[PDB]
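Asks: Sequence, then structure. It's an experimental one.
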Protein chains: 2
Amino acid sequence: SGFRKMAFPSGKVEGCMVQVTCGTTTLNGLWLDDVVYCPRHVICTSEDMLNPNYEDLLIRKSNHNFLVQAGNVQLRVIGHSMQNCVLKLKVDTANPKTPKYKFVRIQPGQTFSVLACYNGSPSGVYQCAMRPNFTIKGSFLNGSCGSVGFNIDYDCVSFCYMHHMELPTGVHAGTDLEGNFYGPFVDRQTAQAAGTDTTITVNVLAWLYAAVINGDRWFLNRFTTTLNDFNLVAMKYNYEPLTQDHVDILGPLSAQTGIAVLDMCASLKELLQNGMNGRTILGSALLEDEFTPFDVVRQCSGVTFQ
Amino acid sequence: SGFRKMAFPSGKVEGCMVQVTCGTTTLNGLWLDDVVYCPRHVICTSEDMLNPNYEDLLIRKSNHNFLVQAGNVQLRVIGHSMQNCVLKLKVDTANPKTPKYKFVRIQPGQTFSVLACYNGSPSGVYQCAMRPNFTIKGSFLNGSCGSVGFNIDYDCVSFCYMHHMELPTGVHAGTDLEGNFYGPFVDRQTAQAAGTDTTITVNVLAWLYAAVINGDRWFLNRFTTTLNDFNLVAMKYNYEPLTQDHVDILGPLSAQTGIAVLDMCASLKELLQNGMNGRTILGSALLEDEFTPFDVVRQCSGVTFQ
Ligand SMILES: *[C@](O)(C(N)=O)[C@H](CC1CCC1)NC(=O)[C@@H]1[C@@H]2[C@H](CN1C(=O)[C@@H](NC(=O)NC(C)(C)C)C(C)(C)C)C2(C)C
Ligand SMILES: *[C@](O)(C(N)=O)[C@H](CC1CCC1)NC(=O)[C@@H]1[C@@H]2[C@H](CN1C(=O)[C@@H](NC(=O)NC(C)(C)C)C(C)(C)C)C2(C)C
């Protein structure tokens, strides 16, 4: 029993972090096989940031301008290239700690673990969600660039995020491991709009199910509702619309608790219209939306990983 | 920028988890050098739990009754002993992945990372605090026993907790790595009282400092207070008294923000007396007490570990 914001074990990713230096800038790289991946603005100076021409900036860098370093051992770059917003440094030594891995571009509302690193060295791990506006609410300081988000599927690490930049309200933007940004962001220091952040309704429902599984039942009411009627209310409190897929995804949690999804929607409806009047649910005084239905099943049934 | 409930990287602890089986029971062990550590009630059957006599139960176990297993490799027990509530299984193979480590008994209010495991395999990592009543609010299912809490100091893992048991309200009790319980709990299935849980005031203050460092300043008021006057109010909302030590510990956070501790106490005072009126602080609608001043410094300045 119990419910906690839980990250994946980070052992398999720790051995893949190196330190990348180009002239003055130092940040983190991801070393898999004989390739190191890092944000391409490592080739920028502070002034270049306002309006970088990456092609032109890259023209005047040779392999020997890139200092790659795994612990005290020192790797040498035999080739570099730009793939979108990431730089791929080809090195002379395949990582002997390369795990089984994939690169995946995740969808908004999915969650993942971030291993925050500085100078190629792990500092900490936490779980976060891709917000519907394609930002994340992370914890990143200067030097954290190149830190990666990941999931695990048994033995296979799925890399999905690389950290690049911060936006005014302490929210964070980055790319997938192919260098494509999530959202409309670009890697330069010029004013940029993030859209409105909405609440991931299906995640809220899964967390309400986790509450119930852990005996926190007071919000369970006696009403029901329809999917169209719920969405009419959710959309006014800035919530994602619920679809029949979402209902199907919640099936396992609905079947374990004996509470139908539409019944749960009616309880959520009331929580949005009346607030929570001072109680908490699973120790929280807000509705939590950074647990997917999979995260809840995994945590409330004990899925392990190699 | 940003503030997250952050766990230590778990790589160095993952390689120390094994699976321990005795007759019917299977749980987790901690394998360091040639010793495996596990909860001693692994030698119990479901019936023995109501009133185990561990000495007598242990009398009828020999080395070959204990199946220890690291992945697919299979270790053999050449000796067993009971140290308080833990069992120390002497094995024939020193763990080649033993990190530099210590055993520490932590004090209430300190935080640590838990690597929740099942069948000797890491499932996830999260951060928690030793509550003032010597429980933790974790996330543990059947099979999680033997999972360990730890901190890191650069290269040295400090093991501080081993999970044993759950109490009615989904709170958890366990031992240090020498087998002594935290709190007055004993390892048998008989009614047992946990005391009242109080709020760790110095942790709340450090989190308020983290708020301010991250620009969340609305609760900063124009009043001040005295340590005796604050404690008179804190003690009525079930808060730990603040001492001059606590003030000294907060010095680094006070110096970074320019807000004196007593001034911060006056803001906290008002938050306890008026509630937070609907806003949030660092995304939370409750006062958070599971960040030590050290956790805040570490996260808001970027301490890394080997
Ligand atoms: C990494 O590059 C690093 N070296 O660690 C760094 C990390 C961030 C998180 C704390 C600083 N990222 C940048 O410096 C990033 C690079 C320039 C400027 N960057 C920013 O994140 C800036 N944000 C910003 O300009 N935001 C908008 C575009 C105005 C919304 C900072 C002001 C935070 C430095 C580039 C290429 C975007
Ligand atoms: C571990 O032993 C395991 N094998 O994983 C197990 C983990 C807990 C967390 C989910 C079950 N612990 C126990 O089974 C533990 C062992 C018996 C009974 N235990 C309990 O935790 C019981 N709690 C309990 O009796 N609580 C009090 C004492 C009434 C407050 C359960 C009812 C949860 C099984 C012993 C030796 C205490």
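Replies: Received the coordinates, thanks. Numbering: from 1, shown residues only, chains lettered A, B, ... in the order given. Ligands and ions are numbered 1, 2, ... in the order given.

Asks: Could you list the contact residues of the stretch 201-306 of chain A toward chain B?
Replies: By Cβ under 8 Å from any Cβ of the partner chain, the residues of the stretch 201-306 of chain A that approach chain B are A:214-215, A:280, A:283-286, A:298-306. In this view, the C-beta of every residue, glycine as well, is placed from N, C-alpha and C.

Asks: So which of those residues belong to strands?
Replies: Assignment to strands by DSSP state E places none of those there.

Asks: of those, buried ones?
Replies: For these, a neighbour count by 16 or more other Cβ atoms under 10 Å in any protein chain shown gives the buried set as A:214, A:284-285, A:298-300, A:302-305.

Asks: restrict the residues of the stretch 201-306 of chain A next to chain B to contacts with ligand 2.
Replies: Among these, no residue is within reach of ligand 2 (Cβ under 6 Å from any ligand atom).

Asks: I'd like the list of the residues you listed that fall within helices, please.
Replies: A:298-299 (DSSP state H).

Asks: any idea which of the residues of the stretch 201-306 of chain A next to chain B is closest to residue A:4?
Replies: Within these, the smallest distance to residue A:4 is 7.6 Å, found for residue A:299 (Cβ to Cβ).

Asks: which ones are touching that closest one?
Replies: Counting by Cβ atoms under 8 Å, 6 or more residues apart in numbering or on different chains, residue A:299 touches A:3-4, A:6, A:210, A:291, B:124, B:139.

Asks: Switch the residues you listed over to a markdown table; also include neighbour count and secondary structure.
Replies: Below are the contacts of residue A:299 laid out as a markdown table (neighbours: other Cβ atoms under 10 Å in any protein chain shown; DSSP: H, G, I helix; E, B strand; the rest coil):
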| residue | neighbour count | secondary structure |
| --- | --- | --- |
| A:3 | 25 | coil |
| A:4 | 22 | coil |
| A:6 | 21 | coil |
| A:210 | 24 | helix |
| A:291 | 25 | coil |
| B:124 | 29 | strand |
| B:139 | 23 | coil |
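
Asks: so, if you compare those residues, which one comes nearest to residue B:266?
Replies: Of the contacts of residue A:299, the one sitting nearest to residue B:266 (Cβ to Cβ) turns out to be residue A:4, at 32.7 Å.

Asks: before we move on, back to that, tell me the one of the buried ones among the residues of the stretch 201-306 of chain A next to chain B nearest residue A:64?
Replies: Nearest to residue A:64 among those: residue A:305, at 39.4 Å, using Cβ to Cβ.

Asks: returning to that earlier point: could you dump the buried ones among the residues of the stretch 201-306 of chain A next to chain B to a markdown table with distance to residue A:18?
Replies: A markdown table is the format used below for these (distance: Cβ to Cβ, whole Å):
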| residue | distance to residue A:18 |
| --- | --- |
| A:214 | 41 |
| A:284 | 38 |
| A:285 | 41 |
| A:298 | 30 |
| A:299 | 32 |
| A:300 | 37 |
| A:302 | 34 |
| A:303 | 30 |
| A:304 | 28 |
| A:305 | 23 |
